[PDB]
Amino acid sequence: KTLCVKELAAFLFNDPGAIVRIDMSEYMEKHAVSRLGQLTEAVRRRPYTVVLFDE
Amino acid sequence: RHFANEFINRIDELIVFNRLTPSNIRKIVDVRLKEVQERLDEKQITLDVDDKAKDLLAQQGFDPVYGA
């Protein structure tokens, strides 16, 4: 579940890094829709990245 | 369980320290005597410890719920 994500970004985008890692282990509240923001600003610098949802 | 599943994988080694065994207490006081001798060398003071002083301090300084 982790190596397959890094493999797609290293071939379809030719970049081992630039992987947006959003951990959902702490966002378990009713007001979590305002801080994600984090996900909107992570892909703003580079529109050609990947999004990963852990847990 | 306190951290994340992906955070424990980035750690190289997970060294877990063990409890100080009573057999290793004799080697603990041997290290502290080296720091005392190197401080008294400037004043030409030779400190010597017999085989009876290290045995008495080993059975009295044993504290497993606190260490050394």
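Structure determination for this PDB entry is given in the record as cryo-EM, at a resolution of 4 Å.

Draft legend 1. How the structure looks around the overall build of chain A. In terms of regular secondary structure, chain A is built from two helices and two strands. For chain A, the sequential pattern of α-helices and β-strands runs α-β-α-β. Accessible area for chain A stands at about 4800 Å²; split by element, carbon and sulfur atoms hold 56% of it. Charge separation in chain A, taken as the distance between the mean sites of 8 positive and 8 negative side-chain charges, equals 4 Å.

Draft legend 2. Here's a closer look at a nonpolar patch on the surface. Taken together, the side chains of B:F3, B:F7, B:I8, B:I11 and B:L14 make up a nonpolar region of the molecular surface, amounting to roughly 530 Å² of accessible area. If you trace the backbone, B:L14 turns up in the segment before α1 (25-37).

Draft legend 3. Layout of the nonpolar core. By size, the foremost hydrophobic cluster in this structure holds five residues: A:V20, A:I22, A:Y27, A:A32 and A:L36. Excluding its chain neighbours within four sequence positions, the residues that come into contact with A:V20 are A:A42, A:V43, A:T49, A:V50, A:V51 and A:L52.

Draft legend 4. Representation of empty space enclosed by the protein. Residue and element names in this part refer to chain A. Quantified by volume, the largest cavity comes out at close to 40 Å³. Along the walls of the largest cavity sit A9, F13, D15, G17, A18, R46, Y48, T49 and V50, which together make up its complete lining. Residue composition of the lining of the largest cavity, grouped by class: five nonpolar, two polar and two charged.

Draft legend 5. Examining the pattern of salt bridges more closely. All names here are of chain B. For the structure shown, the criterion picks out five salt bridges over all chains. Ionic pairing is found between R26 and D51, a salt bridge with its closest N-O pair at 4.0 Å. Here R26 is found in helix α1, whereas its partner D51 is found in the loop between α1 and α2 (53-60), with 25 residues between them in sequence. Across the pair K54 and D30 runs a salt bridge whose closest N-O atoms are separated by 3.6 Å. Of the two residues, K54 sits in helix α2 while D30 sits in helix α1, which places them 24 residues apart along the sequence. Given a relative accessible area of 17%, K54 falls into the buried group.

The rules we used
Residues numbered from 1 in each chain as written, not as in the entry; some residues may be left out. Chains lettered and ligands numbered in written order. Part of a larger assembly, values for the part shown. Heavy atoms only, no water. Helix = DSSP H or I, 4+ residues; strand = E, 2+ residues; numbered from the N terminus. Areas by Shrake-Rupley, 256 points an atom, 1.4 Å probe, with all protein chains shown as cover. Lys, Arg positive; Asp, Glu negative; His and termini not counted. Charge placed at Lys NZ, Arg CZ, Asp CG, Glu CD. Patch = residues over 30% accessible without salt bridge, like charges linked within 9 Å, V, L, I, M, F, W, Y side chains within 5 Å. Salt bridge = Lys/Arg side-chain N within 4 Å of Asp/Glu carboxyl O. Core = buried A, V, L, I, M, F, W, Y, C linked by side-chain atoms within 4.5 Å. Buried < 20%, exposed > 50% of the residue type's maximum accessible area, 1.4 Å probe, protein only. Contact = heavy atoms within 4.5 Å. 1 Å grid on protein atoms, 1.4 Å probe; cavity = no way out; pocket = protein on both sides within 12 Å on 5 of 7 lines; lining within 4 Å. Points joined across faces, edges and corners; volume = space filled by probe spheres on them. Nonpolar A, V, L, I, M, F, W, Y, C, P; charged D, E, K, R; others polar.

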